[PDB]
Every structure is written in structure tokens, then in C-alpha cells.
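Visitor: Mind having a look at this structure? Questions to follow.
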Amino acid sequence: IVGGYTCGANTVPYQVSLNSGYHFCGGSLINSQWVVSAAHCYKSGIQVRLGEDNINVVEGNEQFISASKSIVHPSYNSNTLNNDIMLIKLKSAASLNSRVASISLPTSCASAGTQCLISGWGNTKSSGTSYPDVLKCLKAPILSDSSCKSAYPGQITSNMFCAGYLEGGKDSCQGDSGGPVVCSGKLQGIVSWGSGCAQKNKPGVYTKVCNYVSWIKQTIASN
Ligand SMILES: Cc1[nH]c2ccccc2c1CCN
Ligand SMILES: [Ca+2]
């Protein structure tokens, strides 16, 4: 997260870190057994880390649970990033509490102008590289479909939306991949892609979660 703020320990209780020897992506806890992330975060050997603030220190609220199964969306295209969503099932159920909690799925899509919270352990620099230990947060509005398409000609599908600031300076970044965009207490987006980070006229692009609720629910119901 570039241009954000320190969230505060465990204030984003649905935020997970995906770990394969190191943090490599975010995700969102959606029930005691399932996490939603980006398809571009797929790899084998994932341990889901819940209850994290400092990802380099065991602070006492963590739960570390290995994945038993990952399901990349059937229509994910890794060249265009269309349908950039994946589900991860935990080998055991997380113990839910005030600091480890699921985030509700949307019942309706969110409109341009809606304020959202984007979070993660990604790079905090738009030029150069610095990776934080503690969770970073950014409040950002959803941008209009027309401004999103104008920013990224030929690339924005109906499964994507932009959020952030056309002036630059505030954005998600590398390592925030797969993490949440939460608006009014609902998971509306997944950190998906963009041209650099925090660049003028290049806002972040996010998977449009509301399009996937039926797939998420039916997948959970049979897996
Ligand atoms: C999700 C993601 N991962 C990256 C890796 C390198 C540069 C930009 C990005 C982005 C977009 C950030 N808005
Ligand atoms: Ca920790």
C-alpha cells in the first residue's frame, strides 16, 4: 500500500497473509474454512496466516492453517487477468473471534463514489521498494467505469473495477495482490492489477466480487 496508514493491530480481522516460506499475497476470510484471493496468487504449498499484524513476529493472535485445496476460477485468463479470483479451503476451521473474523459477501454491487478500505503488506513505495511488517490501510473510492476504461484502454472487463486516486500517490502495490477491498462492511474487490503503483492516471484495478457470489456459494456448498 502506497500512501496509506498503519491500520492498527487486528483492526482488519478478515485480512489474511498467504505464506509459502514468506508472505506472498493477501486474502480475505469469508467463513471459518474458506479464503478468497486472486487467481494470480495461485501456487502450491500455501499456509494461511490469520490474525496477523507484524508478519515477522509472533504477537499472540495468529492462527496458522495450511490449505487443503485451492480452486482457481474456471474462466481465469492469466494474460488478461479476467476472472482474477480463487478460493482456498483451510485444512481445519479457524477459531473466529474479534480479531479473526469473516467478511460478508456483497448482496449487491457497489457504485462509483463508494468509499472502501484496501489493506495489505505490499510495497509502500511507488518508486523504489520497501516492504512493511505491519498491516497497511488505504481509504479509497470506487471510480466510474468510464474513467477506469479511459485510464486503461482495451483492458477493463465487466469483471473489473478501478478504485483510488487519478492524481496518484495512493494505491495498492506489489504484495497487496489477492487482498480485500471492503466497502460498507462487504467484500467488493480483490487486489488484482495496475500499471505500476500510485502513478498519475493509473488507478488500481480490482476483481469485481459481486459477479462471483453465486460461484463462491455453490463452490463452498460442494467442497
Ligand atoms: C496487484 C499488483 N501487483 C503489482 C506488482 C507490480 C506492480 C503493480 C502491481 C499491482 C497493482 C497495484 N494497484
Ligand atoms: Ca505475526
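To be explicit about the labels: the chains of the C-alpha cells are called A, B, and onward in the order shown, and within each one the residues are counted from 1, while ligands get numbers from 1 in the order they are shown.
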Mind listing the alpha helix (DSSP H) residues of segment 5-182 of chain A, per DSSP on the backbone, as a list in words?
Guide: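 Of segment 5-182 of chain A, the ones in alpha helix (DSSP H) are residues 145, 146, 147, 148, 149, 150 and 151 of chain A.
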Visitor: Could you dump the residues just selected with N, CA, C and O atoms as an mmCIF file, in the first residue's frame?
Guide:
```cif
data_model
loop_
_atom_site.group_PDB
_atom_site.id
_atom_site.type_symbol
_atom_site.label_atom_id
_atom_site.label_comp_id
_atom_site.auth_asym_id
_atom_site.auth_seq_id
_atom_site.Cartn_x
_atom_site.Cartn_y
_atom_site.Cartn_z
ATOM 1 N N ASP A 145 -16.836 3.507 -14.166
ATOM 2 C CA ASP A 145 -16.421 2.599 -15.225
ATOM 3 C C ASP A 145 -15.799 3.365 -16.384
ATOM 4 O O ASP A 145 -14.798 2.927 -16.963
ATOM 5 N N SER A 146 -16.360 4.527 -16.728
ATOM 6 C CA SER A 146 -15.815 5.285 -17.846
ATOM 7 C C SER A 146 -14.406 5.791 -17.548
ATOM 8 O O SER A 146 -13.528 5.732 -18.418
ATOM 9 N N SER A 147 -14.159 6.288 -16.334
ATOM 10 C CA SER A 147 -12.803 6.739 -16.037
ATOM 11 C C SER A 147 -11.833 5.569 -15.965
ATOM 12 O O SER A 147 -10.666 5.711 -16.344
ATOM 13 N N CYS A 148 -12.293 4.416 -15.485
ATOM 14 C CA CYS A 148 -11.449 3.229 -15.438
ATOM 15 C C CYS A 148 -11.037 2.806 -16.845
ATOM 16 O O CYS A 148 -9.852 2.580 -17.123
ATOM 17 N N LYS A 149 -12.014 2.719 -17.754
ATOM 18 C CA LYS A 149 -11.732 2.332 -19.131
ATOM 19 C C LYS A 149 -10.864 3.367 -19.831
ATOM 20 O O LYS A 149 -9.997 3.015 -20.638
ATOM 21 N N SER A 150 -11.077 4.649 -19.542
ATOM 22 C CA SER A 150 -10.225 5.668 -20.146
ATOM 23 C C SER A 150 -8.789 5.561 -19.651
ATOM 24 O O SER A 150 -7.849 5.836 -20.406
ATOM 25 N N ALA A 151 -8.600 5.166 -18.390
ATOM 26 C CA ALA A 151 -7.255 5.007 -17.848
ATOM 27 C C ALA A 151 -6.537 3.813 -18.456
ATOM 28 O O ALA A 151 -5.311 3.851 -18.628
#
```
Visitor: Pick out the residues no farther than 12 Å from ligand 2, counting only C-alpha atoms and all ligand atoms, and list them as number ranges by chain.
Guide: A: 9-10, 16-17, 19, 22-23, 49-64, 121, 133-135
Visitor: May I have the residues from that selection written out with N, CA, C and O atoms, as an mmCIF file, in the first residue's frame?
Guide:
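Generated output (out.cif):
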```cif
data_model
loop_
_atom_site.group_PDB
_atom_site.id
_atom_site.type_symbol
_atom_site.label_atom_id
_atom_site.label_comp_id
_atom_site.auth_asym_id
_atom_site.auth_seq_id
_atom_site.Cartn_x
_atom_site.Cartn_y
_atom_site.Cartn_z
ATOM 1 N N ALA A 9 -3.167 -3.031 14.911
ATOM 2 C CA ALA A 9 -3.143 -4.487 15.005
ATOM 3 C C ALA A 9 -4.546 -5.078 15.089
ATOM 4 O O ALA A 9 -5.338 -4.729 15.973
ATOM 5 N N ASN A 10 -4.835 -6.006 14.176
ATOM 6 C CA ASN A 10 -6.054 -6.814 14.177
ATOM 7 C C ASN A 10 -7.322 -6.001 13.975
ATOM 8 O O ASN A 10 -8.419 -6.483 14.280
ATOM 9 N N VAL A 16 -6.031 -11.863 5.596
ATOM 10 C CA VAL A 16 -5.090 -12.956 5.776
ATOM 11 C C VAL A 16 -3.819 -12.681 4.978
ATOM 12 O O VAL A 16 -3.806 -11.912 4.012
ATOM 13 N N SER A 17 -2.738 -13.312 5.421
ATOM 14 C CA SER A 17 -1.490 -13.393 4.680
ATOM 15 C C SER A 17 -1.329 -14.820 4.177
ATOM 16 O O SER A 17 -1.477 -15.772 4.949
ATOM 17 N N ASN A 19 1.263 -17.515 2.945
ATOM 18 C CA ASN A 19 2.675 -17.709 3.238
ATOM 19 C C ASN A 19 3.146 -19.015 2.616
ATOM 20 O O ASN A 19 2.523 -20.065 2.801
ATOM 21 N N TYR A 22 7.309 -17.259 3.250
ATOM 22 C CA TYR A 22 7.327 -15.803 3.261
ATOM 23 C C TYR A 22 5.934 -15.374 2.827
ATOM 24 O O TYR A 22 5.222 -16.120 2.142
ATOM 25 N N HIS A 23 5.555 -14.163 3.220
ATOM 26 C CA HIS A 23 4.319 -13.577 2.716
ATOM 27 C C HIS A 23 4.428 -13.371 1.210
ATOM 28 O O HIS A 23 5.410 -12.798 0.733
ATOM 29 N N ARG A 49 -2.294 -17.501 7.035
ATOM 30 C CA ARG A 49 -1.957 -16.899 8.318
ATOM 31 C C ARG A 49 -3.006 -15.851 8.658
ATOM 32 O O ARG A 49 -3.099 -14.805 7.997
ATOM 33 N N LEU A 50 -3.808 -16.161 9.670
ATOM 34 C CA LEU A 50 -4.884 -15.322 10.169
ATOM 35 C C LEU A 50 -4.429 -14.613 11.436
ATOM 36 O O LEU A 50 -3.483 -15.041 12.098
ATOM 37 N N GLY A 51 -5.114 -13.521 11.772
ATOM 38 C CA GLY A 51 -4.793 -12.811 12.995
ATOM 39 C C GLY A 51 -3.463 -12.093 12.992
ATOM 40 O O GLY A 51 -2.935 -11.782 14.067
ATOM 41 N N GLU A 52 -2.916 -11.792 11.816
ATOM 42 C CA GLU A 52 -1.599 -11.179 11.707
ATOM 43 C C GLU A 52 -1.664 -9.665 11.812
ATOM 44 O O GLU A 52 -2.556 -9.024 11.249
ATOM 45 N N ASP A 53 -0.671 -9.096 12.492
ATOM 46 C CA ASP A 53 -0.299 -7.703 12.276
ATOM 47 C C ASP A 53 1.133 -7.673 11.754
ATOM 48 O O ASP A 53 1.336 -7.602 10.541
ATOM 49 N N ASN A 54 2.133 -7.776 12.631
ATOM 50 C CA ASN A 54 3.511 -7.876 12.174
ATOM 51 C C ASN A 54 3.732 -9.289 11.643
ATOM 52 O O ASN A 54 3.692 -10.260 12.406
ATOM 53 N N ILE A 55 3.964 -9.415 10.333
ATOM 54 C CA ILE A 55 4.125 -10.734 9.723
ATOM 55 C C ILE A 55 5.464 -11.389 10.032
ATOM 56 O O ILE A 55 5.651 -12.564 9.694
ATOM 57 N N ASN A 56 6.393 -10.671 10.663
ATOM 58 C CA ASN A 56 7.693 -11.222 11.025
ATOM 59 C C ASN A 56 7.830 -11.573 12.500
ATOM 60 O O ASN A 56 8.881 -12.086 12.891
ATOM 61 N N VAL A 57 6.807 -11.319 13.318
ATOM 62 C CA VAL A 57 6.862 -11.535 14.760
ATOM 63 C C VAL A 57 5.596 -12.264 15.181
ATOM 64 O O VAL A 57 4.498 -11.872 14.777
ATOM 65 N N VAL A 58 5.734 -13.294 16.013
ATOM 66 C CA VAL A 58 4.566 -13.960 16.585
ATOM 67 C C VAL A 58 4.090 -13.122 17.767
ATOM 68 O O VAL A 58 4.751 -13.070 18.809
ATOM 69 N N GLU A 59 2.947 -12.453 17.600
ATOM 70 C CA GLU A 59 2.456 -11.483 18.566
ATOM 71 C C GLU A 59 1.348 -12.022 19.459
ATOM 72 O O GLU A 59 1.044 -11.396 20.482
ATOM 73 N N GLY A 60 0.746 -13.154 19.118
ATOM 74 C CA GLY A 60 -0.140 -13.857 20.028
ATOM 75 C C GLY A 60 -1.570 -14.019 19.561
ATOM 76 O O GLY A 60 -2.349 -14.690 20.254
ATOM 77 N N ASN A 61 -1.975 -13.444 18.433
ATOM 78 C CA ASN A 61 -3.337 -13.614 17.940
ATOM 79 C C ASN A 61 -3.404 -14.400 16.637
ATOM 80 O O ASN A 61 -4.489 -14.549 16.063
ATOM 81 N N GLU A 62 -2.280 -14.933 16.178
ATOM 82 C CA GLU A 62 -2.245 -15.624 14.900
ATOM 83 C C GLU A 62 -2.889 -17.003 14.979
ATOM 84 O O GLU A 62 -2.879 -17.673 16.018
ATOM 85 N N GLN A 63 -3.401 -17.444 13.837
ATOM 86 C CA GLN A 63 -3.707 -18.840 13.578
ATOM 87 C C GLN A 63 -3.071 -19.186 12.242
ATOM 88 O O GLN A 63 -3.282 -18.474 11.254
ATOM 89 N N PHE A 64 -2.273 -20.242 12.217
ATOM 90 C CA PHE A 64 -1.597 -20.691 11.007
ATOM 91 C C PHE A 64 -2.244 -22.003 10.586
ATOM 92 O O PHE A 64 -2.196 -22.984 11.339
ATOM 93 N N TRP A 121 0.130 -6.000 3.051
ATOM 94 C CA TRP A 121 1.542 -5.937 3.401
ATOM 95 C C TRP A 121 2.431 -5.671 2.187
ATOM 96 O O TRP A 121 3.633 -5.971 2.216
ATOM 97 N N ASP A 133 6.288 -4.455 7.820
ATOM 98 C CA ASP A 133 5.996 -5.593 8.673
ATOM 99 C C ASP A 133 4.545 -5.602 9.126
ATOM 100 O O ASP A 133 3.940 -6.672 9.240
ATOM 101 N N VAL A 134 3.980 -4.433 9.408
ATOM 102 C CA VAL A 134 2.636 -4.336 9.943
ATOM 103 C C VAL A 134 1.659 -3.980 8.830
ATOM 104 O O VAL A 134 2.026 -3.435 7.787
ATOM 105 N N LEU A 135 0.390 -4.290 9.064
ATOM 106 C CA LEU A 135 -0.619 -4.156 8.021
ATOM 107 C C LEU A 135 -0.890 -2.687 7.714
ATOM 108 O O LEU A 135 -1.055 -1.867 8.626
#
```
Visitor: Within 7 Å of ligand 1, which residues show up when you count only C-alpha atoms and all ligand atoms? List them as a VMD selection string, please.
Guide: chain A and resid 171 to 177 191 to 197 203 to 205
Visitor: Those residues with C-alpha atoms, as a PDB file, in the first residue's frame please?
Guide:
```pdb
ATOM      1  CA  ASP A 171      -2.733   2.901  -4.278  1.00  0.00           C
ATOM      2  CA  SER A 172      -2.269  -0.770  -3.602  1.00  0.00           C
ATOM      3  CA  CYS A 173       1.008  -2.268  -4.816  1.00  0.00           C
ATOM      4  CA  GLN A 174       3.092  -5.422  -5.212  1.00  0.00           C
ATOM      5  CA  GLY A 175       2.394  -7.873  -2.402  1.00  0.00           C
ATOM      6  CA  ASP A 176      -1.098  -6.499  -1.772  1.00  0.00           C
ATOM      7  CA  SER A 177      -2.262  -8.916  -4.522  1.00  0.00           C
ATOM      8  CA  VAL A 191      -6.432  -6.537  -5.344  1.00  0.00           C
ATOM      9  CA  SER A 192      -5.777  -7.579  -8.948  1.00  0.00           C
ATOM     10  CA  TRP A 193      -3.527  -5.411 -11.157  1.00  0.00           C
ATOM     11  CA  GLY A 194      -2.440  -1.982 -12.351  1.00  0.00           C
ATOM     12  CA  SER A 195       0.301  -0.155 -14.222  1.00  0.00           C
ATOM     13  CA  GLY A 196       2.909   0.410 -11.549  1.00  0.00           C
ATOM     14  CA  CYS A 197       1.626   1.762  -8.240  1.00  0.00           C
ATOM     15  CA  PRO A 203      -5.515   3.686 -10.557  1.00  0.00           C
ATOM     16  CA  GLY A 204      -5.588   0.218  -9.101  1.00  0.00           C
ATOM     17  CA  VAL A 205      -7.745  -2.421 -10.776  1.00  0.00           C
TER      18      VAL A 205
END
```
Visitor: Against segment 179-187 of chain A, which residues of segment 52-88 of chain A fall within 12 Å? For each one I want the closest pair of atoms and the distance in Å (one decimal), counting only C-alpha atoms, rows by chain and increasing residue number, as CSV.
Guide:
```
residue,atom,partner,partner_atom,distance
A:84,CA,A:179,CA,11.8
A:85,CA,A:179,CA,10.6
A:86,CA,A:179,CA,11.4
```
Visitor: Tell me which protein, DNA and RNA residues are within 9 Å of residue 92 of chain A, counting only C-alpha atoms, leaving out same-chain ones fewer than 4 positions away, and put them as a list in words.
Guide: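 Surrounding residues, per the criterion: residues 32, 33, 65, 66, 67 and 68 of chain A.
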Visitor: Could you write those residues out with C-alpha atoms, as an mmCIF file, in the first residue's frame?
Guide:
```cif
data_model
loop_
_atom_site.group_PDB
_atom_site.id
_atom_site.type_symbol
_atom_site.label_atom_id
_atom_site.label_comp_id
_atom_site.auth_asym_id
_atom_site.auth_seq_id
_atom_site.Cartn_x
_atom_site.Cartn_y
_atom_site.Cartn_z
ATOM 1 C CA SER A 32 -14.401 -20.425 9.158
ATOM 2 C CA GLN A 33 -12.972 -22.678 6.416
ATOM 3 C CA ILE A 65 -3.580 -23.204 8.937
ATOM 4 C CA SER A 66 -2.454 -24.984 5.776
ATOM 5 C CA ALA A 67 -4.637 -25.060 2.680
ATOM 6 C CA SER A 68 -6.247 -28.382 1.775
#
```
Visitor: With a distance cut-off of 10 Å and only C-alpha atoms, select the neighbouring residues of residue 21 of chain A, excluding the residue or stretch itself and same-chain residues fewer than 2 positions from it, and output the selection as a list in words.
Guide: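 The neighbour list is residues 18, 19, 23, 24, 45, 46 and 47 of chain A.
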Visitor: Using only C-alpha atoms for the distances, tell me which of A:155, A:124, A:119, A:104 is nearest to residue 12 of chain A.
Guide: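 Ranking A:155, A:124, A:119, A:104 by distance to residue 12 of chain A, first place goes to A:119.
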Visitor: Find the residues of segment 100-191 of chain A that sit at most 7 Å from segment 209-216 of chain A; for each, write down the nearest two atoms and how far apart they are in Å, to one decimal. Count only C-alpha atoms. Sort by chain, then by number going up, and give it as a tab-separated table.
Guide:
```
residue	atom	partner	partner_atom	distance
A:105	CA	A:213	CA	6.9
A:106	CA	A:210	CA	5.8
A:108	CA	A:210	CA	6.4
A:109	CA	A:210	CA	5.3
A:159	CA	A:211	CA	6.8
A:187	CA	A:209	CA	6.9
A:188	CA	A:209	CA	5.1
A:189	CA	A:209	CA	5.3
```
Visitor: From the set A:127, A:94, A:82, A:153, which residue has the shortest atom-to-atom contact distance to residue 208 of chain A, counting only C-alpha atoms?
Guide: A:82
Visitor: Under the rule that only C-alpha atoms are counted, which of A:168, A:154, A:4, A:120 is the nearest residue to residue 80 of chain A?
Guide: A:154
Visitor: List every residue of segment 86-208 of chain A that DSSP, applied to the backbone of this structure, places in strand (DSSP E or B), and write the result as an MDAnalysis selection string.
Guide: chainID A and resid 86:90 104 115:120 136:142 160:163 171 180:183 186:193 199 202 204:208
Visitor: If you measure from atom CA of residue 20 of chain A to atom CA of residue 116 of chain A, what distance in Å do you get, rounded to one decimal?
Guide: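 Going from atom CA of residue 20 of chain A over to atom CA of residue 116 of chain A, I get 28.5 Å.
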Visitor: Excluding same-chain residues fewer than 6 positions from residue 3 of chain A, what lies within 9 Å of it counting only C-alpha atoms, as a PyMOL selection string?
Guide: chain A and resi 124-126+137-138+169-172+198
Visitor: Produce a file of the selected residues containing C-alpha atoms, as a PDB file, in the first residue's frame.
Guide:
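Written out: again_4.pdb:
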```pdb
ATOM      1  CA  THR A 124       4.855   1.169   0.345  1.00  0.00           C
ATOM      2  CA  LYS A 125       6.915   2.959  -2.353  1.00  0.00           C
ATOM      3  CA  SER A 126       5.762   3.998  -5.827  1.00  0.00           C
ATOM      4  CA  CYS A 137      -4.578   0.501   5.052  1.00  0.00           C
ATOM      5  CA  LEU A 138      -5.923   2.925   2.474  1.00  0.00           C
ATOM      6  CA  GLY A 169       0.150   8.928  -4.665  1.00  0.00           C
ATOM      7  CA  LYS A 170      -2.287   6.467  -3.021  1.00  0.00           C
ATOM      8  CA  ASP A 171      -2.733   2.901  -4.278  1.00  0.00           C
ATOM      9  CA  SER A 172      -2.269  -0.770  -3.602  1.00  0.00           C
ATOM     10  CA  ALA A 198       0.246   5.175  -7.336  1.00  0.00           C
TER      11      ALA A 198
END
```
Visitor: Can you measure atom CA of residue 152 of chain A to atom CA of residue 1 of chain A for me? One decimal in Å is fine.
Guide: 20.5 Å
